[PDB]
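These notes concern the structure reproduced below.
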Amino acid sequence: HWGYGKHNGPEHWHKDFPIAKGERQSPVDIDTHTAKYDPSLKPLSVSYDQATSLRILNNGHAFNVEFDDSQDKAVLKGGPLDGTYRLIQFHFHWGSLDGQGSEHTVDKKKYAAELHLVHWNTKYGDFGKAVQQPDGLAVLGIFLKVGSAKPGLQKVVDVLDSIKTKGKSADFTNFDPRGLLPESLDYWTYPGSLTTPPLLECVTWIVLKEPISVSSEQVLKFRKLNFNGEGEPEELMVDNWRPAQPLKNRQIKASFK
């Protein structure tokens, strides 16, 4: 099955998931000089005060921190969005080295990692229905650079030893995702896709201009995770990013000048 290795990586995905060569694939390179400022785009509303995290899971490609999405407890609204999008999970993509790891790029620059906060449009009732809709998901993407530690990440880093291998889960309650946000909510936005199979073209991407900083130690701990299950041959979970895809007939809009 699909992965990020020599024989099953992003260049192979199209064989099982032909939409990989579709018209609205993600990620993309964000050319800051060609993005259009759209003064009518509204400020994002991020309402995470009642968020209920439940669990953290190594799924063999990344780890997901999962939330109770059976009520409007953590929601994204405004910006380019119509309606209310509920937080279901977040996960990251990261590199084997600090010079790579992000999925989106900014003027071809790669960051060390990228955080994806995944939300689904409540008009569709559940996540599985939402992913079948062109406006089903809103993903808040946040770049990570290496520098000072991010204290709000540390609880995640701590628990990684409990979910080293594919299929392992751990209780992960009371995590506050507001500790993963930068100061500014200035963003770019464009229509795209999931960046892992099934690659569905259901995402309004909202990519923050300002990265967060994490420490070398924090990223190193991500790089100790394993793609494999316990008792299978060890392969470090690194470089679990899809490269930039053609923009095709899309314009990236900016909330800021």
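Heads up, the Cβs are rebuilt from the backbone with ideal geometry, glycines too, and the neighbour counts pull from every protein chain shown. All of the numbers you see were taken from the coordinates with simple rules; none came from a lab.
Treating cross-link reach as a plain straight distance, find the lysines whose alpha-carbon is under 22 Å from the alpha-carbon of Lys166, omitting any fewer than eight places away in the same chain.
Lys6, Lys155, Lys221, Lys224
Over 18 Å between C-alpha atoms is what I'm after, so list which of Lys42/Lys209; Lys73/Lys145; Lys15/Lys109; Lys21/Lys129; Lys108/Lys145 land there. Present the calculation step by step, with values, prior to reporting the outcome.
Working: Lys42/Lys209 15 Å; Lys73/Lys145 29 Å; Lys15/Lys109 29 Å; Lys21/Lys129 23 Å; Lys108/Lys145 15 Å.
With Cα atoms farther than 18 Å apart: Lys73/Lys145; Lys15/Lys109; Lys21/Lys129.
Any idea how far the Cα center of region 28-55 sits from the one of region 65-101, in Å?
Between the Cα centres of region 28-55 and region 65-101 lies a distance of 10 Å.
So what is the relative contact order for region 90-207, in percent, with contacts set as C-alpha pairs under 8 Å and at least six apart? Kindly include the intermediate steps, with their values, before the conclusion.
Details: 190 pairs, mean separation 26.5, N = 118.
So the answer I get is 22 percent.
Using just the alpha carbons, could you tell me how many Å³ per residue the convex hull of the chain encloses?
So the per-residue hull volume is 120 Å³.
Determine the sum of side-chain charges near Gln89: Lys and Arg each +1, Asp and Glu each -1, restricted to other residues whose C-beta is under 10 angstrom from that of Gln89.
Working: positive: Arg55; negative: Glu66, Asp69.
Overall, the nearby charge balance is -1.
Taking the Cβ of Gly9 as the center, what net charge do the other residues with Cβ under 10 Å away carry, scoring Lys and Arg +1 and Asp and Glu -1? Don't skip to the answer; put the middle values down first.
Working: positive: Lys6, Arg242; negative: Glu11, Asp239.
Taking every other residue near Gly9 into account, the sum is 0.
Would you work out the charge dipole size for the chain about its Cα centre, treating the Cβ of every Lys and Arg as +1 and the Cβ of every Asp and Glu as -1, and quote it to the nearest 20 debye? Don't skip to the answer; put the middle values down first.
Details: 31 positive and 32 negative charges, 101 e Å.
For this selection, approximately 480 debye.
Cα centroids of region 170-202 and region 113-135: how far apart, whole angstrom?
Spelled out, the Cα-based centre of one part sits 10 Å from the other.
Highest GNM mean-square fluctuation, the chain, Cα pairs closer than 10 Å: which of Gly101, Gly79, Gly231?
Residue with maximal mean-square fluctuation among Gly101, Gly79, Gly231: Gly231.
How would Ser40, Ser215 line up from fewest to most surrounding beta-carbon atoms within 10 angstrom?
On the way: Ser40 7, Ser215 17.
Sorted ascending by nearby Cβ count, the order is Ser40, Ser215.
Tally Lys and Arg at +1 and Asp and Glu at -1 over the other residues with C-beta under 15 Å from the C-beta of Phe67: what net charge comes out? Display every interim value, and only then the final one.
On the way: positive: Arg55, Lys73, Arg86, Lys155, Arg178; negative: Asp49, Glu66, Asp68, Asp69, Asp72, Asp126, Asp171, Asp176.
So the surrounding residues net to -3.
GNM, the chain, Cα, under 10 Å: largest mean-square fluctuation among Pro39, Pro182, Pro191?
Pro39
Quick check on the chain: helices-only [θ] at 222 nm, where DSSP H runs of length 4 and up contribute -39,500 (n - 2.57) each and the sum goes over total residues. Nearest 500, please. Intermediate values should be presented prior to the final figure.
Numbers: 3 runs with 17 residues, N = 257.
Here the helix-only value at 222 nm equals -1500 deg cm²/dmol.
Let me check against my output: what whole-number percent is the relative contact order of the chain, with C-alpha pairs under 8 Å and at least 6 apart? Kindly include the intermediate steps, with their values, before the conclusion.
Values: 646 pairs, mean separation 68.4, N = 257.
It rounds to 27 percent for the chain.
Pick out, from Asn64, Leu140, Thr34, the residue whose Cα sits farthest towards the positive end of the charge dipole of the chain, with +1 on the Cβ of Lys and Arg and -1 on the Cβ of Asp and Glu.
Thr34
Using Cα pairs closer than 8 Å and at least 6 residues apart in sequence, work out the relative contact order for region 35-80, in percent.
Working: 58 pairs, mean separation 22.1, N = 46.
Across region 35-80, relative contact order equals 48 percent.
Sorted by mean Cβ packing within 10 Å, highest first, what order do the peptides 17-23, 115-121 take?
Details: 17-23: 15.1, 115-121: 25.3.
Top to bottom by mean Cβ count within 10 Å: 115-121, 17-23.
In region 59-207, if the dipole is taken from +1 on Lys/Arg beta carbons and -1 on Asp/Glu beta carbons about the Cα centre, which of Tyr190, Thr122, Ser169 is farthest to the positive end?
My answer, from the dipole projection, is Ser169.
Would you mind working out the magnitude of the charge dipole of region 120-200 relative to its Cα centre, with +1 at each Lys and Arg C-beta and -1 at each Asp and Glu C-beta, to the nearest 20 Debye? Display every interim value, and only then the final one.
Working: 9 positive and 8 negative charges, 46 e Å.
The dipole of region 120-200 has a size of about 220 debye.
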